[PDB]
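Engineer: Structure incoming, see below.
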Amino acid sequence: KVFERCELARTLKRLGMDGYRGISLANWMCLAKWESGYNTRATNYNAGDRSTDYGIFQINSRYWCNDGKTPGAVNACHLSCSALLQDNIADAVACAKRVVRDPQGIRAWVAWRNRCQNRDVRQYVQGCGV
């Protein structure tokens, strides 16, 4: 499923993402925008290290979810990577919350540093009623 901007904003707020571990809703939106374009089916294979990024937040298979074909997999979210490709983003959100519980927080995603950090991210939630 490809979410409409405000539809996703309201969904994430209901799932308790606003202010989770100090991260504003606009930051989560900025992350989803640049990682997958709000697409739950997005998948990116990293030929360099044999890992794959899954879903709307592009969660990696080496540390977070299990896909069975990634060497040195940890599976910290205790989820099959298949769960991160559903139209229902509940599992993806639960795993994203786990990612930010680590020291790096939202900085765990390089795209956030490049496209969201120190920027005016209000545009991602403007007019959504959140």
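Bear in mind these aren't lab numbers, they're just calculated from the coordinates by the rules spelled out. Every residue, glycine among them, receives a Cβ derived from its backbone with ideal geometry; neighbour counts consider all protein chains shown.
Engineer: Under the condition of being of a type in the set (G, A, S) and buried (at least 18 other Cβ atoms within 10 Å of the Cβ), which residue from region 26-68 is nearest to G16 (Cα to Cα)?
Structural biologist: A26
Residue by residue, here is whether (1) at positive phi; (2) of a type outside the set (A, V, I, L, M, F, W, C) holds:
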residue	(1), (2)
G72	yes, yes
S82	no, yes
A90	no, no
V93	no, no
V99	no, no
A108	no, no
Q123	no, yes
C128	no, no
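Engineer: Restricting attention to region 18-54, report how many residues are part of a loop (DSSP other than H, G, I, E, B) and in contact with a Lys or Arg (Cβ under 8 Å, 6 or more places away or on another chain).
Structural biologist: 6
Engineer: What's the total number of residues in region 105-130 that are closer than 16 Å to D18 by Cβ and crowded, with 19+ Cβ neighbours inside 10 Å?
Structural biologist: Of the residues in that region, 5 qualify.
Engineer: Of all residues in region 85-95 being in contact (Cβ under 8 Å) with a residue 40 or more places away in the chain and part of a helix (DSSP H, G or I), which is surrounded by the most Cβ atoms within 10 Å (Cβ to Cβ)?
Structural biologist: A92
Engineer: Is it the case, given these coordinates, that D102 is surrounded by fewer than 17 Cβ atoms within 10 Å (Cβ to Cβ), of a type outside the set (V, I, T) and assigned to a loop (DSSP other than H, G, I, E, B)?
Structural biologist: yes
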